[PDB]
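Descriptive analysis of the structure
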Amino acid sequence: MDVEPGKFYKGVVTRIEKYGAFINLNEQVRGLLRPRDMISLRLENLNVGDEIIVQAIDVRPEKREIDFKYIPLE
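Residues numbered from 1 in each chain as written, not as in the entry; some residues may be left out. Heavy atoms only, no water.

The deposited entry bears the title "Structure of uncharacterized protein MJ1198 from Methanocaldococcus jannaschii. Northeast Structural Genomics Target MjR117B".

Quick look at the pattern of salt bridges
Short version of the rule: A pairing counts as a salt bridge when a side-chain nitrogen of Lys or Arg comes within 4 Å of a carboxyl oxygen of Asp or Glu. Working definition: with a 1.4 Å probe on protein chains only, accessible area under 20% of the residue-type maximum means buried, over 50% means exposed, and in between means partly exposed.
With the rule as written, the count across this model stands at seven salt bridges. Between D37 and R34 there is a salt bridge whose closest N-O contact spans 2.6 Å. Residue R60 is joined to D67 by a salt bridge in which the shortest nitrogen-to-oxygen separation is 2.7 Å. Residue classification places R60 among the partly exposed residues on the basis of a relative accessible area of 35%. Residue class for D67 comes out buried when judged on its relative accessible area of 10%.

Points about the pairing of strand 3 (residues 29-33)
We apply this condition: Under the scheme used here, helices are H or I runs from DSSP no shorter than 4 residues and strands are E runs no shorter than 2 residues, and both carry numbers assigned from the N terminus. Two strands are said to pair when DSSP picks up at least two bridges between them.
Buried residues dominate strand 3, accounting for four of its five residues. Hairpin connection of strand 2 (residues 20-26) to strand 3: two residues between the antiparallel strands. One ladder, built from four bridges, connects strand 3 with strand 5 (residues 65-70); its direction is parallel. Paired with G31 across the bridge in strand 5 is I66.

Next comes the structure, spelled out in structure tokens:
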């Protein structure tokens, strides 16, 4: 699966950082979910293995990483 900037995807939380949560979308696709981009869910309540529905903000090939945004449209 490939990821486009602005499309809707579900991902799984790998680890909780003090500045966000790293989430995998696909075998070679991982990104970062930041707290100010979160609506109903806070980093403080997220656990390793939780499936979170997010929208892709920026997909940067040069960086191989993606920004995630939390939406009430789950």
